[PDB]
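Worksheet: one structure, shown below.
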Amino acid sequence: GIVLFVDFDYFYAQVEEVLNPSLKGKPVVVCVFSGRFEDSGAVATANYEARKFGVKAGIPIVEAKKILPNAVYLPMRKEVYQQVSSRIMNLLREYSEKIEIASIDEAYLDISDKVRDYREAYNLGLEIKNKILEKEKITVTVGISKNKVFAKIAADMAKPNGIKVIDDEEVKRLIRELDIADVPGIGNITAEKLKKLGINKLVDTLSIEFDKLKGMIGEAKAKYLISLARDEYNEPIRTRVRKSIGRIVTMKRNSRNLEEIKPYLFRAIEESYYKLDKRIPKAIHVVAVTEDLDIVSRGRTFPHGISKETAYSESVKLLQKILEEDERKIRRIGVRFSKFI
DNA sequence: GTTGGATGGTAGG
DNA sequence: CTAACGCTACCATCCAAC
Ligand SMILES: Nc1nc2c(ncn2[C@H]2C[C@H](O)[C@@H](COP(=O)(O)OP(=O)(O)OP(=O)(O)O)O2)c(=O)[nH]1
Ligand SMILES: [Ca+2]
Ligand SMILES: [Ca+2]
Ligand SMILES: [Ca+2]
């Protein structure tokens, strides 16, 4: 069984680099402008030139302009990026019809049926890597191993524009010495509530009885982490089904004025239904982001699917339900649809 | 004594 | 306006309703 994994390199930035190659070789930042004030919003990504100086997805745009004033700052055009993602995901279908899209910029292939061993799997990476670069001028990073998780770790090890094979043998080696915070699924919170025990390697979980870990990071995470170390984890490439669609926007000013919020919430509803096209949801949730950036929400699941008009009415009640029970002023407002028929 | 809905925690692109 | 986007998926915890 062989999984080959692909993740494009600083995607949104790279795409923009492709459309304006003069940018190439100098710092580039792609931003999500909120509209609150000039430069309000966060970074969605930045090229490696920009990263040297501290500019990465997630930081406030002011921190970045502060820290890297003379760089290109471009507005995010997700839609344009999605075409390029789509056209690349089509190529990956050439090499394998068993493909799992994981994000806008990555995907796993099952190539157990195309190649015979890691050596040929490696050669395939080179072809896959070269087709994309010929038909889209986009470099990408390939990881190759015995399953999703390790194929993803190998990719992370080789970024950017790399290619790494993790063999039955080197898997032994990492399960033993790979830091625990570098395992997919393990973030700050956990990998700090892990050093709590003395677990530092994927291997150190085998050294603490189930019981203790179970009630420290939860049933699903424990079962998962242990089967990795014990080396029995095996999830198949499965086609993912979008399970929810949403929209959330930031308001010019914080409000508790229902009449002032409503327009924003209605904006969020129109663009979700467009975004739904055809799919019928039975569930709605209004999501509010508050002054202090706590995220609060109220939902409702219906017996039968929710029409656009039903959603206008329902969301409003839910907003009120939120206004009734949170004292804080609202800063961002949004909506999410789910439980699709 | 499941389950499954409501709200939130955590991770990640 | 005076910093912290916008998405999504999976899981944990609670409590009613069966
Ligand atoms: N709005 C927004 N978009 C993000 C965020 N993180 C990632 N993205 C988008 C923009 C990225 O180009 C794209 C791919 O993200 P990746 O996690 O794979 O990193 P990226 O490709 O940008 O650089 P690379 O993988 O790290 O070396 O997803 C984020 O926090 N916010
Ligand atoms: Ca990625
Ligand atoms: Ca990437
Ligand atoms: Ca981590």
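Chain identifiers are assigned as A, B, and so on, following the order in which chains appear in the structure tokens; residues are numbered from 1 within each chain, and ligands are numbered from 1 in order of appearance.
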Could you please write out, as a PDB file with N, CA and C atoms, in the first residue's frame, every residue of stretch 157-221 of chain A that DSSP assigns to helix (DSSP H, G or I)?
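This is the output file out38.pdb:
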```pdb
ATOM      1  N   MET A 157       8.410  17.713   5.726  1.00  0.00           N
ATOM      2  CA  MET A 157       9.859  17.675   5.909  1.00  0.00           C
ATOM      3  C   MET A 157      10.584  18.272   4.735  1.00  0.00           C
ATOM      4  N   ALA A 158       9.937  18.302   3.572  1.00  0.00           N
ATOM      5  CA  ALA A 158      10.644  18.577   2.322  1.00  0.00           C
ATOM      6  C   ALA A 158      10.280  19.907   1.697  1.00  0.00           C
ATOM      7  N   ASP A 168       9.305   1.890   5.063  1.00  0.00           N
ATOM      8  CA  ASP A 168       8.978   1.011   6.176  1.00  0.00           C
ATOM      9  C   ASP A 168      10.057   1.133   7.238  1.00  0.00           C
ATOM     10  N   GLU A 169      11.290   1.353   6.795  1.00  0.00           N
ATOM     11  CA  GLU A 169      12.420   1.428   7.708  1.00  0.00           C
ATOM     12  C   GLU A 169      12.509   2.787   8.402  1.00  0.00           C
ATOM     13  N   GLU A 170      12.427   3.873   7.643  1.00  0.00           N
ATOM     14  CA  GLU A 170      12.484   5.187   8.274  1.00  0.00           C
ATOM     15  C   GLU A 170      11.233   5.510   9.102  1.00  0.00           C
ATOM     16  N   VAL A 171      10.139   4.787   8.872  1.00  0.00           N
ATOM     17  CA  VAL A 171       8.957   4.961   9.710  1.00  0.00           C
ATOM     18  C   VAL A 171       9.303   4.505  11.126  1.00  0.00           C
ATOM     19  N   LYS A 172       9.908   3.325  11.237  1.00  0.00           N
ATOM     20  CA  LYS A 172      10.398   2.867  12.531  1.00  0.00           C
ATOM     21  C   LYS A 172      11.173   4.016  13.162  1.00  0.00           C
ATOM     22  N   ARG A 173      12.093   4.591  12.395  1.00  0.00           N
ATOM     23  CA  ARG A 173      13.002   5.613  12.902  1.00  0.00           C
ATOM     24  C   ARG A 173      12.288   6.860  13.465  1.00  0.00           C
ATOM     25  N   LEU A 174      11.165   7.249  12.866  1.00  0.00           N
ATOM     26  CA  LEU A 174      10.467   8.470  13.286  1.00  0.00           C
ATOM     27  C   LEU A 174       9.499   8.220  14.444  1.00  0.00           C
ATOM     28  N   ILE A 175       8.721   7.149  14.339  1.00  0.00           N
ATOM     29  CA  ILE A 175       7.869   6.718  15.436  1.00  0.00           C
ATOM     30  C   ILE A 175       8.678   6.749  16.725  1.00  0.00           C
ATOM     31  N   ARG A 176      10.001   6.781  16.577  1.00  0.00           N
ATOM     32  CA  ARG A 176      10.916   6.725  17.709  1.00  0.00           C
ATOM     33  C   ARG A 176      11.503   8.091  18.066  1.00  0.00           C
ATOM     34  N   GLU A 177      11.673   8.961  17.074  1.00  0.00           N
ATOM     35  CA  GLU A 177      12.418  10.202  17.290  1.00  0.00           C
ATOM     36  C   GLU A 177      11.753  11.457  16.717  1.00  0.00           C
ATOM     37  N   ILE A 180       6.601  15.068  18.899  1.00  0.00           N
ATOM     38  CA  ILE A 180       5.169  14.793  18.959  1.00  0.00           C
ATOM     39  C   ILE A 180       4.324  15.951  18.429  1.00  0.00           C
ATOM     40  N   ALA A 181       4.864  17.161  18.517  1.00  0.00           N
ATOM     41  CA  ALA A 181       4.171  18.353  18.030  1.00  0.00           C
ATOM     42  C   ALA A 181       4.199  18.469  16.504  1.00  0.00           C
ATOM     43  N   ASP A 182       4.984  17.621  15.858  1.00  0.00           N
ATOM     44  CA  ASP A 182       5.040  17.660  14.406  1.00  0.00           C
ATOM     45  C   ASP A 182       4.119  16.604  13.778  1.00  0.00           C
ATOM     46  N   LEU A 202       6.341  10.427  19.457  1.00  0.00           N
ATOM     47  CA  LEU A 202       5.266   9.511  19.130  1.00  0.00           C
ATOM     48  C   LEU A 202       5.405   8.208  19.914  1.00  0.00           C
ATOM     49  N   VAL A 203       6.642   7.826  20.231  1.00  0.00           N
ATOM     50  CA  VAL A 203       6.922   6.551  20.911  1.00  0.00           C
ATOM     51  C   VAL A 203       6.596   6.583  22.407  1.00  0.00           C
ATOM     52  N   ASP A 204       6.630   7.776  22.989  1.00  0.00           N
ATOM     53  CA  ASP A 204       6.430   7.943  24.418  1.00  0.00           C
ATOM     54  C   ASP A 204       4.972   7.763  24.833  1.00  0.00           C
ATOM     55  N   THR A 205       4.092   7.570  23.860  1.00  0.00           N
ATOM     56  CA  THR A 205       2.684   7.349  24.166  1.00  0.00           C
ATOM     57  C   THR A 205       2.457   5.888  24.512  1.00  0.00           C
ATOM     58  N   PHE A 210      -2.976   3.547  28.389  1.00  0.00           N
ATOM     59  CA  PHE A 210      -4.208   4.120  27.871  1.00  0.00           C
ATOM     60  C   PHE A 210      -4.903   5.026  28.900  1.00  0.00           C
ATOM     61  N   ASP A 211      -5.397   4.423  29.984  1.00  0.00           N
ATOM     62  CA  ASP A 211      -6.159   5.115  31.048  1.00  0.00           C
ATOM     63  C   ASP A 211      -5.889   6.612  31.257  1.00  0.00           C
ATOM     64  N   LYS A 212      -4.619   6.972  31.425  1.00  0.00           N
ATOM     65  CA  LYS A 212      -4.227   8.327  31.803  1.00  0.00           C
ATOM     66  C   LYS A 212      -4.364   9.280  30.634  1.00  0.00           C
ATOM     67  N   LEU A 213      -3.891   8.823  29.481  1.00  0.00           N
ATOM     68  CA  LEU A 213      -3.923   9.598  28.252  1.00  0.00           C
ATOM     69  C   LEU A 213      -5.353   9.768  27.751  1.00  0.00           C
ATOM     70  N   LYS A 214      -6.176   8.736  27.945  1.00  0.00           N
ATOM     71  CA  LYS A 214      -7.568   8.767  27.498  1.00  0.00           C
ATOM     72  C   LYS A 214      -8.261  10.038  27.967  1.00  0.00           C
ATOM     73  N   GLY A 215      -8.174  10.305  29.267  1.00  0.00           N
ATOM     74  CA  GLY A 215      -8.848  11.451  29.868  1.00  0.00           C
ATOM     75  C   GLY A 215      -8.022  12.723  29.860  1.00  0.00           C
ATOM     76  N   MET A 216      -7.010  12.768  29.000  1.00  0.00           N
ATOM     77  CA  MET A 216      -6.155  13.941  28.923  1.00  0.00           C
ATOM     78  C   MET A 216      -6.228  14.624  27.556  1.00  0.00           C
ATOM     79  N   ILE A 217      -6.511  13.836  26.521  1.00  0.00           N
ATOM     80  CA  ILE A 217      -6.588  14.352  25.160  1.00  0.00           C
ATOM     81  C   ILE A 217      -7.787  13.780  24.403  1.00  0.00           C
ATOM     82  N   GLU A 219     -10.759  10.334  23.687  1.00  0.00           N
ATOM     83  CA  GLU A 219     -10.843   8.994  23.102  1.00  0.00           C
ATOM     84  C   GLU A 219     -10.296   8.881  21.670  1.00  0.00           C
ATOM     85  N   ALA A 220     -10.712   9.777  20.779  1.00  0.00           N
ATOM     86  CA  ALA A 220     -10.347   9.657  19.368  1.00  0.00           C
ATOM     87  C   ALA A 220      -8.871   9.952  19.120  1.00  0.00           C
ATOM     88  N   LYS A 221      -8.337  10.931  19.846  1.00  0.00           N
ATOM     89  CA  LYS A 221      -6.942  11.342  19.701  1.00  0.00           C
ATOM     90  C   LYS A 221      -5.983  10.308  20.285  1.00  0.00           C
TER      91      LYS A 221
END
```
Name the residues, by chain letter and number, that sit within 6 Å of ligand 3 using only C-alpha atoms (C1' of nucleotides) and all ligand atoms, and give them as an MDAnalysis selection string.
-> chainID A and resid 7:11 105
Chain A contacts on chain B, only C-alpha atoms (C1' of nucleotides), 8 Å, as a compact mmCIF listing (two decimals) with N, CA, C and O atoms (P, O5', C5', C4', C3', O3' and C1' of nucleotides), in the first residue's frame:
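Written out: iface.txt:
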```
# COMPACT_ATOMS: atom_id res chain seq x y z
P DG B 5 -30.20 15.02 15.17
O5' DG B 5 -30.36 16.47 15.84
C5' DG B 5 -31.42 16.71 16.75
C4' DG B 5 -31.07 17.84 17.71
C3' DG B 5 -30.35 19.03 17.11
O3' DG B 5 -30.81 20.15 17.83
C1' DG B 5 -29.01 18.13 18.81
P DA B 6 -30.68 21.63 17.25
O5' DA B 6 -29.90 22.35 18.43
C5' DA B 6 -30.15 21.92 19.75
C4' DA B 6 -29.28 22.67 20.74
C3' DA B 6 -28.57 23.91 20.20
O3' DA B 6 -28.45 24.84 21.26
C1' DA B 6 -26.96 22.28 20.84
P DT B 7 -28.00 26.35 21.01
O5' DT B 7 -26.44 26.27 21.30
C5' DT B 7 -25.95 26.54 22.60
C4' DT B 7 -24.50 26.13 22.74
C3' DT B 7 -23.48 27.08 22.12
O3' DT B 7 -22.65 27.57 23.16
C1' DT B 7 -22.90 24.84 21.77
P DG B 8 -21.63 28.78 22.93
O5' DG B 8 -20.21 28.08 23.15
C5' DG B 8 -20.07 27.06 24.14
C4' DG B 8 -18.90 26.14 23.83
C3' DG B 8 -17.61 26.82 23.36
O3' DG B 8 -16.59 26.39 24.24
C1' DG B 8 -18.09 24.97 22.02
P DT B 10 -9.26 23.95 23.73
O5' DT B 10 -8.55 22.81 22.85
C5' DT B 10 -9.27 21.72 22.26
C4' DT B 10 -8.79 21.42 20.84
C3' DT B 10 -7.52 22.12 20.36
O3' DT B 10 -6.54 21.13 19.96
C1' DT B 10 -9.17 22.21 18.70
P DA B 11 -5.06 21.57 19.55
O5' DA B 11 -5.14 21.55 17.95
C5' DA B 11 -5.46 20.29 17.36
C4' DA B 11 -5.64 20.38 15.86
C3' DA B 11 -4.52 21.11 15.12
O3' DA B 11 -3.99 20.21 14.18
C1' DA B 11 -6.66 21.84 14.39
P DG B 13 -1.94 21.85 7.54
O5' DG B 13 -2.48 22.70 6.28
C5' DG B 13 -3.45 22.12 5.39
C4' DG B 13 -4.43 23.13 4.80
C3' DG B 13 -3.90 24.09 3.73
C1' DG B 13 -5.57 25.07 5.15
```
Contact set, chain A to chain C: 9 Å, only C-alpha atoms (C1' of nucleotides), as a ChimeraX atom specification | /A:31-34,36-38,40-44,58-63,218-221,242-250,252-253,293
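Put simply, atom CA of residue A:288 is 5.7 Å away from atom CA of residue A:332.
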What's around stretch 119-131 of chain A at 8 Å? Count only C-alpha atoms (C1' of nucleotides), leave out sequence neighbours fewer than 6 positions away in its own chain, and write the answer as a compact mmCIF listing (two decimals) with N, CA, C and O atoms, in the first residue's frame.
```txt
# COMPACT_ATOMS: atom_id res chain seq x y z
N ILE A 2 0.64 2.13 -0.99
CA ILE A 2 1.45 3.33 -1.09
C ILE A 2 0.62 4.57 -1.31
O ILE A 2 -0.18 4.63 -2.25
N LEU A 4 0.83 8.63 -2.03
CA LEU A 4 1.62 9.77 -2.46
C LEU A 4 0.80 11.01 -2.18
O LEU A 4 -0.38 11.06 -2.52
N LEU A 91 -5.25 17.07 -13.18
CA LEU A 91 -4.05 16.33 -13.57
C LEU A 91 -3.83 15.15 -12.65
O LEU A 91 -3.58 14.04 -13.10
N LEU A 92 -3.94 15.38 -11.34
CA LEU A 92 -3.75 14.29 -10.40
C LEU A 92 -4.69 13.12 -10.66
O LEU A 92 -4.43 11.99 -10.23
N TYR A 95 -2.94 10.38 -13.03
CA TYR A 95 -2.07 9.41 -12.40
C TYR A 95 -2.82 8.49 -11.45
O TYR A 95 -2.45 7.34 -11.30
N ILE A 111 -1.49 5.10 -4.94
CA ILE A 111 -0.78 4.70 -6.13
C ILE A 111 -0.32 3.25 -6.03
O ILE A 111 0.44 2.78 -6.88
N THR A 139 5.25 25.13 -8.80
CA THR A 139 5.97 24.10 -8.04
C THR A 139 5.09 23.61 -6.92
O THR A 139 4.23 24.33 -6.45
N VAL A 140 5.33 22.38 -6.48
CA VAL A 140 4.56 21.74 -5.41
C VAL A 140 5.49 20.83 -4.64
O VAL A 140 6.61 20.62 -5.06
N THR A 141 5.00 20.26 -3.53
CA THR A 141 5.81 19.37 -2.68
C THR A 141 5.17 17.99 -2.53
O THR A 141 3.99 17.89 -2.22
N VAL A 142 5.94 16.93 -2.73
CA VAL A 142 5.40 15.59 -2.76
C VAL A 142 5.94 14.77 -1.58
O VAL A 142 7.13 14.83 -1.26
N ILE A 144 5.77 10.75 0.20
CA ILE A 144 5.44 9.40 -0.20
C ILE A 144 5.72 8.44 0.94
O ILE A 144 6.83 8.36 1.44
N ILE A 163 10.66 16.56 -2.26
CA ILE A 163 10.01 15.28 -2.48
C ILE A 163 10.65 14.27 -1.56
O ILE A 163 11.84 14.05 -1.63
N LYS A 164 9.87 13.68 -0.68
CA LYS A 164 10.47 12.78 0.29
C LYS A 164 9.71 11.48 0.44
O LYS A 164 8.50 11.47 0.55
N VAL A 165 10.46 10.39 0.47
CA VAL A 165 9.91 9.05 0.64
C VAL A 165 10.19 8.60 2.06
O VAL A 165 11.32 8.66 2.51
```
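Between atom CA of residue A:117 and atom CA of residue A:98 lies a distance of 17.7 Å.
All residues within stretch 23-136 of chain A that the backbone DSSP calculation assigns to strand (DSSP E) are residues 28, 29, 30, 31, 32, 33, 41, 42, 43, 44, 45, 46, 72, 73, 74, 75, 99, 100, 101, 102, 103, 106, 107, 108, 109 and 110 of chain A.
Between atom CA of residue A:69 and atom CA of residue A:22 lies a distance of 18.1 Å.
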Residues within 8 Å of residue A:26, only C-alpha atoms (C1' of nucleotides), excluding chain neighbours under 3 positions, as a VMD selection string | chain A and resid 23 49 to 50 71
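Nearest residue to ligand 4 among A:100, A:156, A:134, A:309 is A:156, counting only C-alpha atoms and all ligand atoms.
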Please provide as a list in words all residues within 10 Å of residue A:340, with the sequence filter that same-chain residues fewer than 2 positions apart are discarded (counting only C-alpha atoms (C1' of nucleotides)).
-> residues 242, 243, 244, 245, 276, 279, 280, 281, 282, 283, 305, 306, 337 and 338 of chain A
